[PDB]
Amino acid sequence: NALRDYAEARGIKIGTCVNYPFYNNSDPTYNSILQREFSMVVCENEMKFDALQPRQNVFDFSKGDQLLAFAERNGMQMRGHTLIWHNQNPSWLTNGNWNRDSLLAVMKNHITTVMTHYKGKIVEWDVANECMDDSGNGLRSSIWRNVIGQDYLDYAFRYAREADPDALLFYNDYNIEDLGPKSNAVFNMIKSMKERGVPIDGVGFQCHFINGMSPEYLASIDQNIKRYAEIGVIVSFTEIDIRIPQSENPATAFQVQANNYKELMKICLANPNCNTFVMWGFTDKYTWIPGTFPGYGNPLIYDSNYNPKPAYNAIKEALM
């Protein structure tokens, strides 16, 4: 009767990022729900560049190996998040003296060392994360973009494919789910990469949405998934959360949130190239939402006291 049982029956993996209390065992209830309801896990912060390579050529696999061991004894798959990003880079990198050639070497060593340590054990990898400018006009300026040049992502994907040829490689971003300018910029980027022989398998829709999604908005996400299928690309929902304005009445806002979660799951079930449904946490107790969007909160399927919210049953109903 767990969410993972109904999901498995439908050929969908349902997952969540794992928050910090998991590691130090400070929240037993958190761990008991985690091992019971989900079939997929992702590291919230422990596999980012600064965590994995804190000093030049020094790799810390402790937390990632601890999560993988837990996943394996619980019959769960794991997503790798994330190799190349403009945020959370260690000081030795951001303050170093680089040129195109020396930075490409650092990129290749990071990608190869991390992926070979987990070779064949991680099914989907977010190779690159949030690299498109919010305007949709082109790539965002970052240490990788500015130093290497406009083709830096072609190298990241090639290096990744060489490191683990069995891993599905993803480009992950936010505000690319509909048919707006940023979404169109990412689709054309991925379509072009494939036409030039760059190995890219999927696109990760972060799904950081606001409560009260309209049917037309939801309809545009479905059409966007279909155009990716036409170019042979798979889609994963990677960091789903549905934020609620602090001022909305909780009781009725939770009902709207439940319907939005239900509709998202129906879109996943209707598209053969979209079979991964990962939420950015599962209890309102632990969430990055308030810090990035002050005034918003309660974005998940269990409340702060671990009582399932209407959204939990709504997802279970869509799966049935």
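Don't overthink the numbering: it's just position in the shown sequence, from 1.
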Where do the C-alpha atoms have the higher mean temperature factor in this entry, in 180 to 188 or in 93 to 101?
93 to 101
What stretch has the higher average Cα B-factor here, 134 to 142 or 160 to 168?
134 to 142
Highest CA temperature factor in the entry: which of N129, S247, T112, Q77?
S247
From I14, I301, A9, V18, which pick has the Cα B-factor that tops the rest in the entry?
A9
In terms of the chain's CA B-factor thirds, is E72 lowest, middle or highest?
highest
Name the third of the chain's ranked CA B-factors that contains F254, choosing lowest, middle or highest.
middle
Please place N211 in the lowest, middle or highest third of its chain by C-alpha B factor as given in the entry.
middle
Third of the chain's Cα B-factor distribution that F293 belongs to, per the entry:
highest
Split the chain's modelled residues into thirds by Cα B-factor; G204 lands in the lowest
